[PDB]
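Take a look at this single chain in structure tokens; it is the form deposited in one PDB entry.
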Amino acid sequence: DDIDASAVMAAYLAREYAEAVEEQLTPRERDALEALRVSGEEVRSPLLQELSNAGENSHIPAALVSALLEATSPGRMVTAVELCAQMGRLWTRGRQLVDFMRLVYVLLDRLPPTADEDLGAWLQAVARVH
């Protein structure tokens, strides 16, 4: 009982998969990925403030992601992405590793049909500013 075997496995698979996906991103998608990182970094502080305002379920964040994606803009999609990223930082061992992947599933499952062209044009505008 000296190590959280699940947490150690989650770290290995998470990094390998992170690099596996990044490997297969086109040049254009790599630009969008860096734009998303900046966009998510800008909204992070406002997001944590609203969440801390109402601070205390895995359904709650899933419900917020769903509301943010309710037929939506690039700004709300980015906010939903960063919310998942912040829940991921809190759900780092044991039974919390289940709620994170499901939360991401809600994100991707609830995306609008036009997500690709909407974010492509928006994140490019992010690249212009920064």
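Residue indices: 1-based, along the sequence shown. In this text, the rigid core denotes the largest set of C-alpha atoms whose superposition between the two forms falls within 1.5 Å.
The form deposited in another entry is left out here; the points below concern that form.
The Cα position of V81 differs by less than 2 Å between this form and the one not shown after fitting on the rigid core.
Superposition on the rigid core between this form and the one not shown places the CA atom of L51 2 Å or more away from its counterpart. With a change of no less than 3 Å, the CA-CA distance between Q49 and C84 is smaller in the other entry than in the form shown. Relative to this form, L51 and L123 separate from one another in the other entry, with their C-alpha atoms ending up at least 3 Å farther apart.
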